[PDB]
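To start, the structure itself, in structure tokens.
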Protein chains: 2
Amino acid sequence: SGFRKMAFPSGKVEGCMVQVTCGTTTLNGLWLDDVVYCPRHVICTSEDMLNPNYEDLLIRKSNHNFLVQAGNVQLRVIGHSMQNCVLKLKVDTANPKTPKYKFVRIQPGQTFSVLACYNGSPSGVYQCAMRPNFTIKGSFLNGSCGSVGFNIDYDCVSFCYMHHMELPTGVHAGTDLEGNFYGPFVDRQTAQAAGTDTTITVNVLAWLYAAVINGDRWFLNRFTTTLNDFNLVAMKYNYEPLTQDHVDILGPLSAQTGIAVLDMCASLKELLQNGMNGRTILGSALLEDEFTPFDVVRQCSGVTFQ
Amino acid sequence: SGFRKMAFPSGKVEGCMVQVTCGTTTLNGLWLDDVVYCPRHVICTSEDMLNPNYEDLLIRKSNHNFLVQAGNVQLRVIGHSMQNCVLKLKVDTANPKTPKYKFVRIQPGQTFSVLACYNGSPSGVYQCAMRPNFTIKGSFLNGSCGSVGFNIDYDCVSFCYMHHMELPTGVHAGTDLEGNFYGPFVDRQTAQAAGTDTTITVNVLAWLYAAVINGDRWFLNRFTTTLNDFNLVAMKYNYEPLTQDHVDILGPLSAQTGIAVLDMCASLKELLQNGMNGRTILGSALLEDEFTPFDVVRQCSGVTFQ
Ligand SMILES: [Cl-]
């Protein structure tokens, strides 16, 4: 029993984390096959970051200007190339501890595990969510840049995120592994507006099914609701609108608990309108939106990776 | 910036997790040097668990009755021995991926990372705390037993906990690596009483310093308090009594934020007496007691392991 916020195991990602230094600037990079990926702002000074021209800045650098060190071994750089906002540094040796892997661009609402790294060595791991406004609420100090977010299926590491920058608001932003930003953000140090955030409705529901499965059931109501009615309430509490695809995805959980989705939607609406009234759910006094329906399922059936 | 509930990296522990099977019963074991550690209830049937005599049950088994498989490779067992509630199975091969390590018996209040495993392969990792009544609030399904909790300092893995059983109350219990239970619990399937729990005062304070460090400051008050006065309030809200050792441990945080401990104790007392009043702190509507003062420090200075 029990319900925790769990991350994937970090073994396979740990053996790919290298330290990249170019001039003074040092940040983390990801060594797969014979290539190293890092944020392209490793060629900038603190001053450059105000308004960089990345083309012109790169024209100055040569292969020997990029130092890459894995533990104690030093890689030698043979080529270098710029794809969107990441740099791809070709090296002479292929990584012996390279796992099977893909690169994937996720959607808002999806969750993933972040391995937090300073100077190419690992600090810690945590689970988190791509918000609806494409930010994330991390824990990232100076030097953290180039830490990666990933998922594990079976034995295949799916890299979804690379950390680039902190916003003035205290929140985080970044790219996929081909160098494209999630959201409107750019790698210039200027004031940038994240839109209004919303709560991820489909995930709050997933978490309610987890509470029932674990024995916490006080929020269950006699009443019931329709989709369109439920969505009118949601909207005024800045919740994400619920579609049929979302109901469909909640099916397995509705079956094993025998509580129809719309009956759960009615339970939620009351919580929105009356608050929790000083009770708790899975030990939280707020409504948690950072487990997907696949997360809850996996946590409850105990899937395992290898 | 940011503050997450973070676990240590799991790489080094993952390469020690084996599957132990004895008769029908399969559970997880830990392969270091030439020895495998597992829960001694791997020699029990579901029926035995009601009132087992572990001596007599073991006298029946021989080396060849214990099957140990790491991935695809099979170990051969040369000896077997029972120390308190764990079994030590001597094998012919030493583990090539054995990290430097110790075994440590922690104290209530300490935190640690759990690697959750079914059938010798890893599922996920999370941070948690030894409660004052020596239980823990995990996420553990059937088959989980023999999962380990650990800390990492520098490059040295310190194993502190092995999972044995779930209590009827929905909470978890277990042993150190020499086989001694934390708390009053025994490995018999019977009803067992955990005492009254308390909130870990020193840790709530640590977490308040983390909120100030991150910019959340509304709970700061003009007032102030004494130790003895603060402890009279605490007690009636079932908080752990604060000693001078606890103040001493909070020193570094008091310095860098320039808020004296007793001033923080006064802030807390008001929260106890007036609630949070529908505000949040680091995004929580409750008072969090699962970061130590060493945790917060480490998270805020970005220490790293290697
Ligand atoms: Cl909460």
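Labels for the structure tokens follow display order: chains A, B, ..., residues from 1 in each chain, ligands from 1.
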Could you give me, as a PDB file with C-alpha atoms, in the first residue's frame, the residues within 8 Å of residue 203 in chain A, counting only C-alpha atoms and dropping anything in the same chain fewer than 5 positions from it?
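Wrote it out as around02.pdb, contents follow:
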ATOM      1  CA  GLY A 109       0.432  17.538 -18.653  1.00  0.00           C
ATOM      2  CA  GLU A 288      -2.441  17.275  -6.429  1.00  0.00           C
ATOM      3  CA  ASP A 289      -2.095  17.384 -10.220  1.00  0.00           C
ATOM      4  CA  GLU A 290       1.382  15.781 -10.762  1.00  0.00           C
ATOM      5  CA  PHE A 291       0.515  12.114 -11.358  1.00  0.00           C
ATOM      6  CA  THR A 292      -0.719  10.983 -14.764  1.00  0.00           C
ATOM      7  CA  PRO A 293      -3.218   8.109 -15.092  1.00  0.00           C
TER       8      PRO A 293
END
Around ligand 1, out to 7 Å and counting only C-alpha atoms and all ligand atoms, which residues are there? I want them as a list in words.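 Final answer, ordered by chain and number: residues 284, 285 and 286 of chain A; 284, 285 and 286 of chain B.
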Preceding selection exported with N, CA and C atoms as a PDB file, in the first residue's frame:
ATOM      1  N   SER A 284      -2.288  15.139   1.831  1.00  0.00           N
ATOM      2  CA  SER A 284      -2.211  16.473   1.246  1.00  0.00           C
ATOM      3  C   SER A 284      -3.486  17.260   1.592  1.00  0.00           C
ATOM      4  N   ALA A 285      -3.350  18.579   1.836  1.00  0.00           N
ATOM      5  CA  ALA A 285      -4.479  19.468   2.057  1.00  0.00           C
ATOM      6  C   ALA A 285      -4.825  20.254   0.791  1.00  0.00           C
ATOM      7  N   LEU A 286      -4.152  19.934  -0.310  1.00  0.00           N
ATOM      8  CA  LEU A 286      -4.488  20.540  -1.581  1.00  0.00           C
ATOM      9  C   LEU A 286      -4.792  19.445  -2.583  1.00  0.00           C
TER      10      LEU A 286
ATOM     11  N   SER B 284       2.859  24.106  -0.208  1.00  0.00           N
ATOM     12  CA  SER B 284       2.195  23.184   0.707  1.00  0.00           C
ATOM     13  C   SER B 284       1.233  23.967   1.617  1.00  0.00           C
ATOM     14  N   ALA B 285       0.071  23.366   1.948  1.00  0.00           N
ATOM     15  CA  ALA B 285      -0.877  23.935   2.892  1.00  0.00           C
ATOM     16  C   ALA B 285      -0.738  23.294   4.274  1.00  0.00           C
ATOM     17  N   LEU B 286       0.267  22.438   4.435  1.00  0.00           N
ATOM     18  CA  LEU B 286       0.549  21.869   5.736  1.00  0.00           C
ATOM     19  C   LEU B 286       1.990  22.167   6.100  1.00  0.00           C
TER      20      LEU B 286
END
Residues of chain A within 9 Å of chain B: nearest atom pair and distance (Å, one decimal) for each, counting only C-alpha atoms, sorted by chain and number, as JSON lines?
{"residue": "A:1", "atom": "CA", "partner": "B:140", "partner_atom": "CA", "distance": 5.5}
{"residue": "A:2", "atom": "CA", "partner": "B:139", "partner_atom": "CA", "distance": 4.2}
{"residue": "A:3", "atom": "CA", "partner": "B:139", "partner_atom": "CA", "distance": 5.1}
{"residue": "A:4", "atom": "CA", "partner": "B:139", "partner_atom": "CA", "distance": 5.9}
{"residue": "A:5", "atom": "CA", "partner": "B:126", "partner_atom": "CA", "distance": 6.8}
{"residue": "A:6", "atom": "CA", "partner": "B:126", "partner_atom": "CA", "distance": 5.1}
{"residue": "A:7", "atom": "CA", "partner": "B:125", "partner_atom": "CA", "distance": 5.4}
{"residue": "A:8", "atom": "CA", "partner": "B:124", "partner_atom": "CA", "distance": 4.6}
{"residue": "A:9", "atom": "CA", "partner": "B:124", "partner_atom": "CA", "distance": 5.2}
{"residue": "A:10", "atom": "CA", "partner": "B:10", "partner_atom": "CA", "distance": 5.5}
{"residue": "A:11", "atom": "CA", "partner": "B:11", "partner_atom": "CA", "distance": 3.4}
{"residue": "A:12", "atom": "CA", "partner": "B:11", "partner_atom": "CA", "distance": 7.1}
{"residue": "A:13", "atom": "CA", "partner": "B:11", "partner_atom": "CA", "distance": 8.6}
{"residue": "A:14", "atom": "CA", "partner": "B:11", "partner_atom": "CA", "distance": 6.8}
{"residue": "A:15", "atom": "CA", "partner": "B:11", "partner_atom": "CA", "distance": 8.3}
{"residue": "A:71", "atom": "CA", "partner": "B:306", "partner_atom": "CA", "distance": 8.5}
{"residue": "A:115", "atom": "CA", "partner": "B:9", "partner_atom": "CA", "distance": 7.9}
{"residue": "A:116", "atom": "CA", "partner": "B:304", "partner_atom": "CA", "distance": 8.9}
{"residue": "A:117", "atom": "CA", "partner": "B:304", "partner_atom": "CA", "distance": 7.1}
{"residue": "A:118", "atom": "CA", "partner": "B:304", "partner_atom": "CA", "distance": 6.7}
{"residue": "A:119", "atom": "CA", "partner": "B:304", "partner_atom": "CA", "distance": 8.7}
{"residue": "A:121", "atom": "CA", "partner": "B:306", "partner_atom": "CA", "distance": 6.2}
{"residue": "A:122", "atom": "CA", "partner": "B:304", "partner_atom": "CA", "distance": 5.6}
{"residue": "A:123", "atom": "CA", "partner": "B:304", "partner_atom": "CA", "distance": 4.1}
{"residue": "A:124", "atom": "CA", "partner": "B:8", "partner_atom": "CA", "distance": 4.6}
{"residue": "A:125", "atom": "CA", "partner": "B:7", "partner_atom": "CA", "distance": 5.4}
{"residue": "A:126", "atom": "CA", "partner": "B:6", "partner_atom": "CA", "distance": 5.1}
{"residue": "A:127", "atom": "CA", "partner": "B:6", "partner_atom": "CA", "distance": 8.5}
{"residue": "A:137", "atom": "CA", "partner": "B:2", "partner_atom": "CA", "distance": 6.7}
{"residue": "A:138", "atom": "CA", "partner": "B:2", "partner_atom": "CA", "distance": 5.5}
{"residue": "A:139", "atom": "CA", "partner": "B:2", "partner_atom": "CA", "distance": 4.2}
{"residue": "A:140", "atom": "CA", "partner": "B:1", "partner_atom": "CA", "distance": 5.5}
{"residue": "A:141", "atom": "CA", "partner": "B:1", "partner_atom": "CA", "distance": 5.8}
{"residue": "A:142", "atom": "CA", "partner": "B:1", "partner_atom": "CA", "distance": 8.7}
{"residue": "A:144", "atom": "CA", "partner": "B:302", "partner_atom": "CA", "distance": 8.8}
{"residue": "A:166", "atom": "CA", "partner": "B:1", "partner_atom": "CA", "distance": 8.0}
{"residue": "A:170", "atom": "CA", "partner": "B:1", "partner_atom": "CA", "distance": 6.3}
{"residue": "A:171", "atom": "CA", "partner": "B:2", "partner_atom": "CA", "distance": 7.5}
{"residue": "A:172", "atom": "CA", "partner": "B:1", "partner_atom": "CA", "distance": 8.9}
{"residue": "A:214", "atom": "CA", "partner": "B:170", "partner_atom": "CA", "distance": 8.6}
{"residue": "A:284", "atom": "CA", "partner": "B:286", "partner_atom": "CA", "distance": 7.5}
{"residue": "A:285", "atom": "CA", "partner": "B:285", "partner_atom": "CA", "distance": 5.8}
{"residue": "A:286", "atom": "CA", "partner": "B:285", "partner_atom": "CA", "distance": 6.7}
{"residue": "A:299", "atom": "CA", "partner": "B:139", "partner_atom": "CA", "distance": 8.2}
{"residue": "A:300", "atom": "CA", "partner": "B:141", "partner_atom": "CA", "distance": 7.5}
{"residue": "A:301", "atom": "CA", "partner": "B:141", "partner_atom": "CA", "distance": 7.8}
{"residue": "A:302", "atom": "CA", "partner": "B:141", "partner_atom": "CA", "distance": 6.9}
{"residue": "A:303", "atom": "CA", "partner": "B:123", "partner_atom": "CA", "distance": 6.5}
{"residue": "A:304", "atom": "CA", "partner": "B:123", "partner_atom": "CA", "distance": 4.1}
{"residue": "A:305", "atom": "CA", "partner": "B:122", "partner_atom": "CA", "distance": 5.9}
{"residue": "A:306", "atom": "CA", "partner": "B:121", "partner_atom": "CA", "distance": 6.2}
Residues near residue 206 in chain B, cut-off 12 Å, only C-alpha atoms, skip fewer than 2 positions along chain, as a PyMOL selection string: chain B and resi 200-204+208-213+246-247+249-254+257+261+264-265+268+287-300
Please return as a PyMOL selection string: the residues of range 119-218 of chain B that backbone DSSP assigns to strand (DSSP E or B). chain B and resi 121-129+136+148-153+156-166+172-175+181+199
Give the answer as one residue: which of A:25, A:53, A:226, A:19 has the shortest atom-to-atom distance to residue 243 in chain A, using only C-alpha atoms?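 Counting only C-alpha atoms, the residue closest to residue 243 in chain A is A:226.
Proximity to residue 198 in chain A at 7 Å, evaluated using only C-alpha atoms and with sequence-adjacent residues fewer than 4 positions away removed, yields residues 132, 238, 239 and 240 of chain A.
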For the selection just defined, write its residues with C-alpha atoms to a file, as a PDB file, in the first residue's frame.
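result.pdb, freshly written:
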ATOM      1  CA  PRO A 132       0.141  23.832 -19.203  1.00  0.00           C
ATOM      2  CA  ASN A 238      -9.002  27.768 -13.712  1.00  0.00           C
ATOM      3  CA  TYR A 239      -8.983  24.035 -14.312  1.00  0.00           C
ATOM      4  CA  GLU A 240      -8.139  22.533 -17.712  1.00  0.00           C
TER       5      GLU A 240
END
List every residue of range 183-222 of chain A that DSSP, applied to the backbone of this structure, places in helix (DSSP H, G or I), and write the result as a PyMOL selection string. chain A and resi 201-214
Please write the residues from the selection above to a file, keeping N, CA, C and O atoms, as a short mmCIF file (atom, residue, chain, number, x, y, z; two decimals), in the first residue's frame.
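part_21.cif, freshly written:
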data_model
loop_
_atom_site.label_atom_id
_atom_site.label_comp_id
_atom_site.auth_asym_id
_atom_site.auth_seq_id
_atom_site.Cartn_x
_atom_site.Cartn_y
_atom_site.Cartn_z
N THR A 201 -6.62 18.93 -14.94
CA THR A 201 -7.84 18.26 -14.46
C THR A 201 -7.69 16.73 -14.55
O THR A 201 -7.89 16.04 -13.56
N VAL A 202 -7.22 16.21 -15.69
CA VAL A 202 -7.18 14.76 -15.88
C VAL A 202 -6.32 14.10 -14.81
O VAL A 202 -6.65 13.00 -14.38
N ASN A 203 -5.29 14.82 -14.34
CA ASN A 203 -4.34 14.29 -13.37
C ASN A 203 -4.94 14.38 -11.96
O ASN A 203 -4.66 13.55 -11.10
N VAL A 204 -5.69 15.44 -11.66
CA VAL A 204 -6.31 15.51 -10.35
C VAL A 204 -7.23 14.29 -10.20
O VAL A 204 -7.18 13.58 -9.19
N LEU A 205 -8.04 14.02 -11.23
CA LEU A 205 -8.89 12.84 -11.22
C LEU A 205 -8.06 11.58 -11.03
O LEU A 205 -8.46 10.72 -10.25
N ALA A 206 -6.93 11.43 -11.75
CA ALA A 206 -6.14 10.23 -11.59
C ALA A 206 -5.78 10.03 -10.12
O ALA A 206 -5.79 8.91 -9.62
N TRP A 207 -5.45 11.14 -9.45
CA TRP A 207 -4.96 11.07 -8.07
C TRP A 207 -6.11 10.71 -7.13
O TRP A 207 -5.88 10.05 -6.12
N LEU A 208 -7.35 11.14 -7.45
CA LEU A 208 -8.51 10.75 -6.65
C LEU A 208 -8.70 9.23 -6.74
O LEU A 208 -8.92 8.58 -5.72
N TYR A 209 -8.54 8.63 -7.91
CA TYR A 209 -8.65 7.18 -8.00
C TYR A 209 -7.59 6.48 -7.14
O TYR A 209 -7.88 5.44 -6.55
N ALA A 210 -6.37 7.05 -7.07
CA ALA A 210 -5.33 6.52 -6.20
C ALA A 210 -5.71 6.57 -4.72
O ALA A 210 -5.37 5.66 -3.97
N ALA A 211 -6.40 7.65 -4.28
CA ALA A 211 -6.83 7.75 -2.90
C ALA A 211 -7.89 6.69 -2.56
O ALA A 211 -7.83 6.06 -1.51
N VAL A 212 -8.85 6.49 -3.46
CA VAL A 212 -9.86 5.46 -3.25
C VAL A 212 -9.15 4.11 -3.14
O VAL A 212 -9.36 3.38 -2.17
N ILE A 213 -8.25 3.83 -4.10
CA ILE A 213 -7.55 2.56 -4.10
C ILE A 213 -6.81 2.36 -2.77
O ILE A 213 -6.49 1.22 -2.45
N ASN A 214 -6.48 3.44 -2.04
CA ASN A 214 -5.63 3.28 -0.87
C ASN A 214 -6.44 3.32 0.41
O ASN A 214 -5.90 3.07 1.48
#
Residue 49 in chain A surroundings by only C-alpha atoms, 9 Å radius, close-in-sequence under 4 positions cut, as a PyMOL selection string: chain A and resi 41+44-45+187-190
Write the residues of the selection above to a file with N, CA and C atoms, as a compact mmCIF listing (two decimals), in the first residue's frame.
# COMPACT_ATOMS: atom_id res chain seq x y z
N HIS A 41 24.54 27.99 -24.83
CA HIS A 41 25.01 29.17 -24.10
C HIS A 41 26.26 28.84 -23.27
N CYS A 44 28.96 31.56 -24.05
CA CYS A 44 28.67 32.93 -23.65
C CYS A 44 29.35 33.30 -22.32
N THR A 45 29.72 34.59 -22.19
CA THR A 45 30.08 35.16 -20.90
C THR A 45 28.79 35.65 -20.24
N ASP A 187 16.74 31.85 -25.26
CA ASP A 187 17.94 31.87 -24.43
C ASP A 187 18.67 33.22 -24.53
N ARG A 188 17.97 34.27 -24.09
CA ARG A 188 18.50 35.61 -23.87
C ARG A 188 18.16 35.93 -22.43
N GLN A 189 19.04 36.59 -21.68
CA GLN A 189 18.68 36.98 -20.32
C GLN A 189 17.86 38.28 -20.35
N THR A 190 16.53 38.16 -20.52
CA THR A 190 15.60 39.29 -20.52
C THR A 190 14.36 38.88 -19.72
In Å, how far is it from CA of residue 151 in chain A to CA of residue 113 in chain B?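 Separation between CA of residue 151 in chain A and CA of residue 113 in chain B: 19.5 Å.
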Could you please determine the separation between CA of residue 163 in chain A and CA of residue 176 in chain A in Å, to one decimal place?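 Distance reported for this atom pair: 9.1 Å.
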Using only C-alpha atoms, the shortest atom-to-atom distance to residue 40 in chain B among B:169, B:26, B:199, B:273 belongs to B:26
Nearest to residue 178 in chain B by atom-to-atom distance, counting only C-alpha atoms, from B:30, B:104, B:62, B:96: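 Under the stated criterion, the closest residue is B:104.
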